[PDB]
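> Pasting a structure below so you can have a look.
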Amino acid sequence: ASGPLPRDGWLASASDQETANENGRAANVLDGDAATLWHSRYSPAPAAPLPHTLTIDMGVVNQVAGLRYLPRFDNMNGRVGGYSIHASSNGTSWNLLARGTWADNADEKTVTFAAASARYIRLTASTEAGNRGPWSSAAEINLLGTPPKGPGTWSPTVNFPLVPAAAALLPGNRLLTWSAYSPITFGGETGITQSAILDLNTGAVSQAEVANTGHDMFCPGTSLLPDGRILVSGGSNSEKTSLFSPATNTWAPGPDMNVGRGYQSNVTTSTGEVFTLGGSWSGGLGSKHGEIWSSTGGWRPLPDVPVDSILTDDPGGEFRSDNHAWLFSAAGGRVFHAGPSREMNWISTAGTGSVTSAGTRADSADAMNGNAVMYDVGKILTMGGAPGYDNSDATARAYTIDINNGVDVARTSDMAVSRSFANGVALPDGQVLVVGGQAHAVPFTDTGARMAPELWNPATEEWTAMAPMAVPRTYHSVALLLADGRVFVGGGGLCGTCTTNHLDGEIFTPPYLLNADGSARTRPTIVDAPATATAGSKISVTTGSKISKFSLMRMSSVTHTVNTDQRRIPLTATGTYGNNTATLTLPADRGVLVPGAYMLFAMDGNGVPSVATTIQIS
Amino acid sequence: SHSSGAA
Ligand SMILES: [Br-]
Ligand SMILES: [Ca+2]
Ligand SMILES: [Cl-]
């Protein structure tokens with residue numbers, strides 16, 4: 001006997017289904033409701049003949065050892081008699097697991113069989129149990145078995161007092177999160193934000209209402225400053241700027257932007273300024289041209305950085321098309337715009353600024369709510385997204401972009417599953433994790449959630465599926481790297497009386513931290529490293545064993561799929577005279593080594609990261 | 001399972 005597999009993310013499809021005379025849609029077998037059915041198509045006449053099939057794509061490779069069929073309770077029509085059950089891993093080749101005849105009664109029917117690996121299970125209904133008509137119906141279908149064991153492992157869920165739809169890592173193993181004026185909904189311009197800080201050492205959460213900056217910071221641009229503060233601008237109070245200080249856990253008011261905006265992207269530049277572009281979610285539709293903030297001057301317009309060349313072809317128009325730009329600081333101090341629009345751009349922020357076409361992202365379509373992650377110097381991985389923000393099929397496609405000497409784009413391997421609303425996380429070994437999202441982008445839904453993250457390795461350009469998480473993470477979810485090398489994932493929903501809010505998170509331990517058996521792997525240690533350093537300097541780092549590879553991982557803020565802060569700079573060490581002492585040479589180019597808080601990870605020869613130290617780089 | 005009933 002096996003227990004039911006979780007059904008999060010499953011998608012049902014069928015040979016045929018009724019919609020005209022009743023709601024007989026295939027999806028109805030997955031809703032938990034005994035009163036909603038898949039029904040084979042019978043109208044308009046003529047009715048679709050037997051046999052009929054119902055296919056479930058689980059979105060992951062489970063071990064399947066049985067199937068439970070719950071017939072409708074209201075009449076006998078369409079009870080399945082003769083059945084077959086097939087399994088597939090690739091969706092192309094099918095293996096027969098079971099064949100039989102179910103009795104003509106209302107009992108839930110269970111079929112068991114030897115466990116089989118499968119992503120897809122198909123039920124074929126070959127007869128109607130009482131030969132009453134050419135019909136098949138099913139109220140619910142469950143699949144019995146066990147989820148994959150690894151790679152990687154997930155913590156139990158972590159309680160939050162709000163949906164953490166924005167997050168930022170702080171020094172000292174703490175995570176700042178916030179929602180909006182409410183823990184569970186958004187709306188208006190009421191100048192209040194609910195926040196919650198998770199202490200990753202103890203699990204304690206500290207909740208605070210932030211009213212002193214007159215800013216509801218839902219839907220903002222975010223970035224980390226050189227001095228460690230977090231600058232948040234726009235969103236529900238579209239003109240506002242607020243600054244968080246991790247040393248005192250307080251916010252301070254900043255200066256207003258010139259034009260109000262929301263769902264824009266903000267990026268810290270080589271000079272420690274913050275550039276912003278786009279964002280028609282709030283503050284008015286369109287004309288969300290570039291501006292740049294300095295600590296001494298506040299926000300100033302960039303007259304020669306118009307928004308126009310970043311717009312996608314979103315069917316929703318201006319409200320959506322300037323949202324969530326994939327912006328990166330680049331060598332020499334420009335900003336590179338990698339998407340989501342097909343067209344990419346180089347942006348200068350000096351003087352009045354400039355914009356220059358960088359050509360298209362090869363043959364990519366628009367990829368709104370896709371991810372872009374800087375996993376090495378001048379090296380970006382982009383993946384997922386959909387051409388529309390709303391009601392749009394997502395892609396599995398992924399493209400690399402090398403901006404070291406010009407712009408070189410190449411399609412790389414597809415992910416195993418399409419995603420929109422996922423999050424991308426650079427890991428210190430150079431791999432990039434993608435987590436969450438869903439197959440068909442519809443804000444505030446968990447339908448078609450992608451439950452298994454995938455890890456892309458630049459050395460192979462392949463995606464490997466990770467063990468699945470428990471909670472779906474779609475619109476309004478976040479994920480980011482932690483200083484111990486694990487990954488926080490959380491949020492989703494923020495839709496009030498909706499049923500899809502997730503006031504929680506889960507922590508993923510990636511494969512590089514585990515022994516084969518899932519226990520914690522022994523890791524290298526940093527014994528001594530400087531708390532601060534300046535671009536272009538050499539630093540000396542002491543470890544508990546001989547290490548030659550280190551990774552500087554810039555700390556992150558993230559919301560609405562956007563994380564302009566994270567980036568990996570790998571460095572090779574030169575061994576010196578002491579007890580595992582080594583010298584690292586920091587790049588002088590602050591367009592690459594953007595000033596701010598970094599996690600310094602020692603990487604052993606097995607690819608195992610130390611716990612990072614924090615280094616504030618100027 | 002749950003049920004929303006019939007209308
Ligand atoms: Br609390
Ligand atoms: Ca149902
Ligand atoms: Cl601090």
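Letters A, B, ... go to the chains of the structure tokens in the order shown; residues in each chain start at 1; ligands are counted from 1 in the same order.
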Please give me, as a CSV table (one decimal) with C-alpha atoms, in the first residue's frame, the residues lying within 7 Å of ligand 3 when counting only C-alpha atoms and all ligand atoms.

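Listed below is the output, part20.csv:
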```csv
chain,number,residue,atom,x,y,z
A,170,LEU,CA,21.1,41.3,5.7
A,171,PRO,CA,24.5,40.7,7.3
A,172,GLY,CA,24.5,38.3,10.3
A,246,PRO,CA,20.4,46.8,8.9
A,247,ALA,CA,22.5,48.1,11.8
```
> Please provide as a compact mmCIF listing (two decimals) with N, CA and C atoms, in the first residue's frame all residues within 12 Å of residue B:7, with the sequence filter that same-chain residues fewer than 4 positions apart are discarded (counting only C-alpha atoms).

```
# COMPACT_ATOMS: atom_id res chain seq x y z
N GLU A 22 -22.25 21.10 -19.69
CA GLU A 22 -21.78 21.17 -18.31
C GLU A 22 -20.30 21.44 -18.32
N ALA A 35 -17.76 17.07 -6.43
CA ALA A 35 -18.90 17.47 -7.23
C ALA A 35 -18.46 17.99 -8.60
N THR A 36 -17.15 18.14 -8.88
CA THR A 36 -16.72 18.61 -10.20
C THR A 36 -16.09 17.43 -10.95
N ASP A 74 -23.59 11.56 -8.33
CA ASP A 74 -24.96 12.00 -8.61
C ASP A 74 -25.71 11.05 -9.55
N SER B 3 -16.61 18.82 -1.18
CA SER B 3 -17.66 18.94 -2.18
C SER B 3 -18.23 20.35 -2.15
```
> Among the residues of stretch 176-407 of chain A, find those DSSP assigns to strand (DSSP E or B) from the backbone and print them as a CSV table (one decimal) with N, CA, C and O atoms, in the first residue's frame.

```csv
chain,number,residue,atom,x,y,z
A,176,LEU,N,15.3,40.2,5.6
A,176,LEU,CA,14.2,41.2,5.7
A,176,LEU,C,13.2,40.8,4.6
A,176,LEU,O,13.5,40.5,3.5
A,177,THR,N,11.9,40.9,5.0
A,177,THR,CA,10.8,40.7,4.0
A,177,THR,C,9.7,41.7,4.2
A,177,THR,O,9.6,42.3,5.3
A,178,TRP,N,8.9,41.9,3.2
A,178,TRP,CA,7.8,42.8,3.4
A,178,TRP,C,6.7,42.5,2.4
A,178,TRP,O,7.0,41.8,1.4
A,193,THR,N,3.9,49.9,5.4
A,193,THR,CA,4.3,48.6,4.9
A,193,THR,C,4.4,47.7,6.1
A,193,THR,O,5.0,48.0,7.1
A,194,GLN,N,3.9,46.4,6.0
A,194,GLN,CA,4.1,45.4,7.0
A,194,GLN,C,5.5,44.7,6.6
A,194,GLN,O,5.7,44.3,5.4
A,195,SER,N,6.4,44.6,7.6
A,195,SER,CA,7.6,43.9,7.4
A,195,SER,C,7.8,42.8,8.4
A,195,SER,O,7.2,42.7,9.5
A,196,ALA,N,8.7,41.8,8.1
A,196,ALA,CA,9.1,40.7,9.0
A,196,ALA,C,10.5,40.3,8.7
A,196,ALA,O,10.9,40.1,7.5
A,197,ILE,N,11.3,40.3,9.8
A,197,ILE,CA,12.7,39.9,9.7
A,197,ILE,C,12.8,38.5,10.3
A,197,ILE,O,12.5,38.2,11.4
A,198,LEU,N,13.3,37.5,9.5
A,198,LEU,CA,13.6,36.2,9.9
A,198,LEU,C,15.1,36.1,10.3
A,198,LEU,O,16.0,36.4,9.5
A,199,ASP,N,15.3,35.6,11.6
A,199,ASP,CA,16.7,35.3,12.0
A,199,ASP,C,16.9,33.9,11.6
A,199,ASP,O,16.3,33.0,12.1
A,205,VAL,N,11.1,35.3,14.2
A,205,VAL,CA,10.6,36.3,13.3
A,205,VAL,C,10.3,37.6,14.1
A,205,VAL,O,9.6,37.4,15.1
A,206,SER,N,10.7,38.7,13.6
A,206,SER,CA,10.3,40.0,14.2
A,206,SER,C,9.5,40.8,13.2
A,206,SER,O,9.9,41.1,12.1
A,207,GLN,N,8.2,41.1,13.6
A,207,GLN,CA,7.3,41.8,12.7
A,207,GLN,C,7.3,43.3,13.1
A,207,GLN,O,7.4,43.7,14.3
A,208,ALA,N,7.2,44.2,12.1
A,208,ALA,CA,7.1,45.6,12.4
A,208,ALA,C,6.3,46.3,11.2
A,208,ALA,O,6.6,46.1,10.1
A,209,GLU,N,5.4,47.2,11.6
A,209,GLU,CA,4.8,48.0,10.7
A,209,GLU,C,5.7,49.3,10.5
A,209,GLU,O,6.1,49.9,11.4
A,210,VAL,N,5.9,49.6,9.2
A,210,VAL,CA,6.8,50.7,8.8
A,210,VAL,C,5.9,51.8,8.3
A,210,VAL,O,5.4,51.8,7.1
A,221,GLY,N,10.9,49.2,-6.9
A,221,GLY,CA,12.3,48.9,-7.3
A,221,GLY,C,13.1,48.7,-6.0
A,221,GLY,O,12.9,49.5,-5.0
A,222,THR,N,14.1,47.8,-6.0
A,222,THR,CA,15.0,47.6,-4.8
A,222,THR,C,16.4,47.4,-5.3
A,222,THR,O,16.7,46.8,-6.3
A,223,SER,N,17.4,47.9,-4.4
A,223,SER,CA,18.8,47.6,-4.7
A,223,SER,C,19.5,47.8,-3.4
A,223,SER,O,19.0,48.5,-2.5
A,224,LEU,N,20.7,47.3,-3.3
A,224,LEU,CA,21.6,47.4,-2.1
A,224,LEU,C,22.6,48.5,-2.4
A,224,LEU,O,23.2,48.5,-3.5
A,230,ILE,N,19.5,49.4,2.2
A,230,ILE,CA,18.6,49.0,1.0
A,230,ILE,C,17.8,50.2,0.6
A,230,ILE,O,17.1,50.7,1.4
A,231,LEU,N,17.9,50.5,-0.7
A,231,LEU,CA,17.0,51.6,-1.2
A,231,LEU,C,15.8,51.0,-1.9
A,231,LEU,O,16.0,50.1,-2.8
A,232,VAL,N,14.6,51.4,-1.5
A,232,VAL,CA,13.4,50.9,-2.1
A,232,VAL,C,12.6,52.2,-2.6
A,232,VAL,O,12.4,53.1,-1.9
A,233,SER,N,12.3,52.1,-3.9
A,233,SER,CA,11.5,53.3,-4.4
A,233,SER,C,10.3,52.8,-5.2
A,233,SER,O,10.3,51.7,-5.8
A,241,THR,N,10.7,57.2,-1.8
A,241,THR,CA,11.9,56.4,-1.6
A,241,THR,C,12.1,56.2,-0.1
A,241,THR,O,11.9,57.1,0.7
A,242,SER,N,12.5,55.0,0.3
A,242,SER,CA,12.7,54.7,1.7
A,242,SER,C,14.1,53.9,1.7
A,242,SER,O,14.4,53.2,0.8
A,243,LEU,N,14.8,54.1,2.8
A,243,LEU,CA,16.1,53.5,3.0
A,243,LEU,C,16.2,52.6,4.3
A,243,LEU,O,15.9,53.2,5.4
A,244,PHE,N,16.5,51.3,4.1
A,244,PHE,CA,16.6,50.5,5.3
A,244,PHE,C,18.0,50.4,5.8
A,244,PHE,O,18.9,50.1,5.0
A,245,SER,N,18.2,50.6,7.1
A,245,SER,CA,19.5,50.4,7.7
A,245,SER,C,19.6,49.1,8.5
A,245,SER,O,19.0,49.0,9.6
A,250,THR,N,16.0,50.0,11.1
A,250,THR,CA,15.1,51.2,10.9
A,250,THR,C,15.1,51.6,9.5
A,250,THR,O,16.1,51.4,8.8
A,251,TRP,N,14.0,52.2,9.1
A,251,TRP,CA,13.9,52.9,7.8
A,251,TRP,C,13.9,54.4,7.9
A,251,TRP,O,13.5,55.0,8.9
A,252,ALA,N,14.5,55.0,6.9
A,252,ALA,CA,14.5,56.5,6.9
A,252,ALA,C,13.9,57.0,5.5
A,252,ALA,O,14.0,56.3,4.5
A,253,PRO,N,13.3,58.2,5.5
A,253,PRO,CA,12.7,58.7,4.3
A,253,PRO,C,13.9,59.1,3.3
A,253,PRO,O,14.9,59.7,3.8
A,262,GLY,N,6.0,52.0,-10.5
A,262,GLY,CA,5.9,50.7,-9.8
A,262,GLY,C,6.1,49.6,-10.8
A,262,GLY,O,5.9,49.7,-12.0
A,265,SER,N,12.5,48.5,-12.5
A,265,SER,CA,13.7,47.9,-12.0
A,265,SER,C,14.7,49.0,-11.6
A,265,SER,O,14.9,50.0,-12.3
A,266,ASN,N,15.3,48.8,-10.4
A,266,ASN,CA,16.3,49.7,-9.9
A,266,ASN,C,17.6,48.9,-9.9
A,266,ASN,O,17.6,47.7,-9.5
A,267,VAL,N,18.7,49.6,-10.2
A,267,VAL,CA,20.0,48.9,-10.1
A,267,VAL,C,21.1,49.8,-9.6
A,267,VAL,O,21.2,51.0,-10.0
A,268,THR,N,21.9,49.3,-8.6
A,268,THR,CA,23.0,50.1,-8.1
A,268,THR,C,24.2,50.1,-9.2
A,268,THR,O,24.5,49.0,-9.7
A,274,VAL,N,21.9,54.9,-7.9
A,274,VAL,CA,20.8,53.9,-8.3
A,274,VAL,C,20.1,54.4,-9.5
A,274,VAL,O,19.5,55.5,-9.5
A,275,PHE,N,20.2,53.6,-10.6
A,275,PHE,CA,19.5,53.9,-11.8
A,275,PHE,C,18.1,53.2,-11.8
A,275,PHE,O,18.0,52.0,-11.4
A,276,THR,N,17.1,53.9,-12.4
A,276,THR,CA,15.8,53.2,-12.5
A,276,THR,C,15.2,53.5,-13.8
A,276,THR,O,15.4,54.5,-14.5
A,277,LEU,N,14.4,52.5,-14.3
A,277,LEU,CA,13.8,52.7,-15.6
A,277,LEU,C,12.5,51.9,-15.7
A,277,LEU,O,12.4,50.8,-15.1
A,280,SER,N,5.1,51.1,-15.1
A,280,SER,CA,3.8,51.7,-15.3
A,280,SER,C,2.7,51.1,-14.4
A,280,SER,O,1.5,51.3,-14.5
A,291,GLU,N,15.9,57.7,-14.6
A,291,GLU,CA,16.3,58.6,-13.6
A,291,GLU,C,17.4,57.9,-12.8
A,291,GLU,O,17.6,56.7,-12.8
A,292,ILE,N,18.2,58.8,-12.0
A,292,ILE,CA,19.3,58.2,-11.2
A,292,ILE,C,19.4,58.9,-9.9
A,292,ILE,O,19.3,60.2,-9.9
A,293,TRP,N,19.6,58.2,-8.9
A,293,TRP,CA,19.7,58.7,-7.5
A,293,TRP,C,21.1,58.8,-7.1
A,293,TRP,O,21.9,57.8,-7.3
A,294,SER,N,21.5,59.9,-6.4
A,294,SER,CA,22.7,59.9,-5.6
A,294,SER,C,22.4,60.4,-4.2
A,294,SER,O,21.4,61.0,-3.9
A,298,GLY,N,19.9,63.4,-4.6
A,298,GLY,CA,18.5,62.9,-4.8
A,298,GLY,C,18.4,62.3,-6.2
A,298,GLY,O,19.4,61.9,-6.9
A,299,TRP,N,17.1,62.2,-6.7
A,299,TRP,CA,16.8,61.7,-8.0
A,299,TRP,C,16.9,62.8,-9.0
A,299,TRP,O,16.3,63.8,-8.9
A,300,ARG,N,17.6,62.5,-10.1
A,300,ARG,CA,17.6,63.4,-11.2
A,300,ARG,C,17.3,62.7,-12.5
A,300,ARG,O,17.6,61.5,-12.7
A,301,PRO,N,16.6,63.4,-13.4
A,301,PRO,CA,16.2,62.8,-14.7
A,301,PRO,C,17.4,62.5,-15.6
A,301,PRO,O,18.4,63.3,-15.5
A,327,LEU,N,18.1,44.5,-15.6
A,327,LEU,CA,19.2,45.5,-15.7
A,327,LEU,C,20.4,45.0,-14.9
A,327,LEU,O,20.3,44.4,-13.8
A,328,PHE,N,21.6,45.3,-15.5
A,328,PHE,CA,22.9,44.9,-14.8
A,328,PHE,C,23.9,46.0,-14.9
A,328,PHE,O,24.1,46.5,-16.0
A,329,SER,N,24.6,46.3,-13.8
A,329,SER,CA,25.8,47.1,-13.9
A,329,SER,C,26.8,46.3,-14.8
A,329,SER,O,26.9,45.1,-14.7
A,335,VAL,N,25.0,50.5,-17.8
A,335,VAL,CA,24.0,49.5,-17.4
A,335,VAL,C,23.6,48.7,-18.6
A,335,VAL,O,23.4,49.3,-19.7
A,336,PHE,N,23.6,47.4,-18.5
A,336,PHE,CA,23.2,46.6,-19.7
A,336,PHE,C,21.7,46.2,-19.4
A,336,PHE,O,21.4,45.6,-18.3
A,337,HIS,N,20.9,46.4,-20.4
A,337,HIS,CA,19.5,45.9,-20.4
A,337,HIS,C,19.3,44.6,-21.2
A,337,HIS,O,19.5,44.7,-22.4
A,343,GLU,N,14.5,43.1,-27.8
A,343,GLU,CA,15.5,44.1,-28.0
A,343,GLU,C,16.3,44.3,-26.7
A,343,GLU,O,15.7,44.6,-25.6
A,344,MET,N,17.6,44.3,-26.7
A,344,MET,CA,18.5,44.6,-25.6
A,344,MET,C,19.2,46.0,-25.8
A,344,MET,O,19.2,46.4,-27.0
A,345,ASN,N,19.7,46.6,-24.8
A,345,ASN,CA,20.2,47.9,-24.9
A,345,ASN,C,21.4,48.2,-24.0
A,345,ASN,O,21.5,47.6,-22.9
A,346,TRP,N,22.3,49.1,-24.4
A,346,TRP,CA,23.3,49.6,-23.5
A,346,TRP,C,22.9,51.0,-23.0
A,346,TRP,O,22.5,51.8,-23.9
A,347,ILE,N,23.0,51.2,-21.7
A,347,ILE,CA,22.5,52.5,-21.2
A,347,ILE,C,23.8,53.2,-20.5
A,347,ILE,O,24.4,52.5,-19.7
A,348,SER,N,24.0,54.4,-20.8
A,348,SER,CA,25.0,55.3,-20.1
A,348,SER,C,24.2,56.1,-19.1
A,348,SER,O,23.1,56.7,-19.5
A,354,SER,N,22.5,57.9,-22.2
A,354,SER,CA,22.4,57.5,-23.6
A,354,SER,C,21.8,56.1,-23.6
A,354,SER,O,21.9,55.4,-22.6
A,355,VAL,N,21.2,55.8,-24.8
A,355,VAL,CA,20.7,54.4,-25.0
A,355,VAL,C,21.1,54.0,-26.4
A,355,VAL,O,21.0,54.8,-27.3
A,356,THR,N,21.7,52.8,-26.5
A,356,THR,CA,22.1,52.3,-27.7
A,356,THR,C,21.6,50.8,-27.9
A,356,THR,O,21.8,50.0,-27.0
A,357,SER,N,21.1,50.5,-29.0
A,357,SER,CA,20.7,49.1,-29.2
A,357,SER,C,21.8,48.1,-29.1
A,357,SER,O,22.9,48.4,-29.6
A,358,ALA,N,21.6,47.0,-28.4
A,358,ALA,CA,22.6,45.9,-28.3
A,358,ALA,C,22.2,44.7,-29.1
A,358,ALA,O,22.7,43.6,-29.0
A,359,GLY,N,21.2,44.9,-30.0
A,359,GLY,CA,20.6,43.9,-30.8
A,359,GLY,C,19.6,43.0,-30.0
A,359,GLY,O,19.4,43.4,-28.9
A,360,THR,N,19.1,42.0,-30.7
A,360,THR,CA,18.1,41.2,-30.0
A,360,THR,C,18.8,40.1,-29.2
A,360,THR,O,20.0,39.8,-29.4
A,368,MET,N,8.6,38.3,-20.4
A,368,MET,CA,8.2,39.0,-19.2
A,368,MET,C,8.1,38.0,-18.0
A,368,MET,O,7.6,36.9,-18.2
A,371,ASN,N,13.8,35.2,-15.8
A,371,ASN,CA,14.9,35.6,-14.9
A,371,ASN,C,16.1,35.8,-15.7
A,371,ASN,O,16.3,35.3,-16.8
A,372,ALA,N,17.0,36.6,-15.2
A,372,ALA,CA,18.3,36.9,-15.7
A,372,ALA,C,19.3,36.9,-14.5
A,372,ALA,O,19.0,37.7,-13.6
A,373,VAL,N,20.4,36.1,-14.6
A,373,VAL,CA,21.3,35.9,-13.5
A,373,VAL,C,22.7,36.0,-13.9
A,373,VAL,O,23.1,35.3,-14.9
A,374,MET,N,23.5,36.8,-13.2
A,374,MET,CA,24.9,37.1,-13.5
A,374,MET,C,25.8,36.1,-12.7
A,374,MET,O,26.0,36.2,-11.5
A,375,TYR,N,26.2,35.0,-13.4
A,375,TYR,CA,26.9,33.9,-12.7
A,375,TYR,C,28.4,33.9,-12.8
A,375,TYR,O,29.1,33.1,-12.2
A,376,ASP,N,28.9,34.8,-13.6
A,376,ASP,CA,30.4,35.1,-13.7
A,376,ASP,C,30.6,36.5,-14.2
A,376,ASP,O,29.6,37.2,-14.5
A,379,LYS,N,28.8,37.5,-17.5
A,379,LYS,CA,28.1,36.3,-18.0
A,379,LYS,C,26.8,36.2,-17.4
A,379,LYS,O,26.7,36.0,-16.2
A,380,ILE,N,25.7,36.2,-18.2
A,380,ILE,CA,24.4,36.2,-17.8
A,380,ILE,C,23.7,34.9,-18.3
A,380,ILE,O,23.9,34.6,-19.5
A,381,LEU,N,22.9,34.3,-17.5
A,381,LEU,CA,21.9,33.2,-17.9
A,381,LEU,C,20.5,33.8,-17.8
A,381,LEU,O,20.2,34.4,-16.8
A,382,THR,N,19.7,33.7,-18.9
A,382,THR,CA,18.3,34.1,-18.9
A,382,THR,C,17.5,32.8,-19.1
A,382,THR,O,17.9,32.0,-19.9
A,383,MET,N,16.3,32.8,-18.5
A,383,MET,CA,15.5,31.6,-18.7
A,383,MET,C,14.0,31.9,-18.3
A,383,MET,O,13.7,32.8,-17.5
A,386,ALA,N,7.3,34.8,-20.2
A,386,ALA,CA,6.2,34.5,-21.2
A,386,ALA,C,6.1,35.8,-22.0
A,386,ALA,O,6.4,36.9,-21.5
A,392,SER,N,-0.7,34.0,-20.4
A,392,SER,CA,0.3,33.7,-21.5
A,392,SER,C,1.1,32.5,-21.2
A,392,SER,O,1.6,32.3,-20.1
A,393,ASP,N,1.2,31.6,-22.2
A,393,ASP,CA,2.0,30.4,-22.0
A,393,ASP,C,3.5,30.8,-21.8
A,393,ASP,O,4.1,31.4,-22.7
A,398,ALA,N,16.0,29.1,-22.6
A,398,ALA,CA,17.1,29.7,-21.8
A,398,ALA,C,18.1,30.2,-22.9
A,398,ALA,O,18.4,29.5,-23.8
A,399,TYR,N,18.7,31.4,-22.6
A,399,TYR,CA,19.7,32.0,-23.5
A,399,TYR,C,20.8,32.6,-22.6
A,399,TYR,O,20.5,33.2,-21.6
A,400,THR,N,22.1,32.3,-23.0
A,400,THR,CA,23.2,32.9,-22.3
A,400,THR,C,23.5,34.2,-23.0
A,400,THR,O,23.3,34.4,-24.2
A,401,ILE,N,24.1,35.2,-22.3
A,401,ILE,CA,24.6,36.5,-22.8
A,401,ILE,C,26.0,36.7,-22.2
A,401,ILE,O,26.1,36.8,-21.0
A,402,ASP,N,27.0,36.9,-23.1
A,402,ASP,CA,28.3,37.3,-22.7
A,402,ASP,C,28.5,38.8,-23.1
A,402,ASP,O,28.4,39.0,-24.3
```
> Quick check: residues of chain A within 6 Å of chain B, only C-alpha atoms, returned as a list in words.
residues 32, 33, 34 and 35 of chain A
> Any chance you could export the current selection's C-alpha atoms as a PDB file, in the first residue's frame?

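Wrote it out as result-v7.pdb, contents follow:
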```pdb
ATOM      1  CA  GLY A  32     -10.336  17.922  -4.633  1.00  0.00           C
ATOM      2  CA  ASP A  33     -14.047  18.587  -5.269  1.00  0.00           C
ATOM      3  CA  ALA A  34     -16.193  15.448  -5.433  1.00  0.00           C
ATOM      4  CA  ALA A  35     -18.900  17.468  -7.234  1.00  0.00           C
TER       5      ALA A  35
END
```
> Could you jot down the atom CA of residue A:149 to atom CA of residue A:122 separation for me, Å, one decimal place?
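A separation of 23.5 Å between them.
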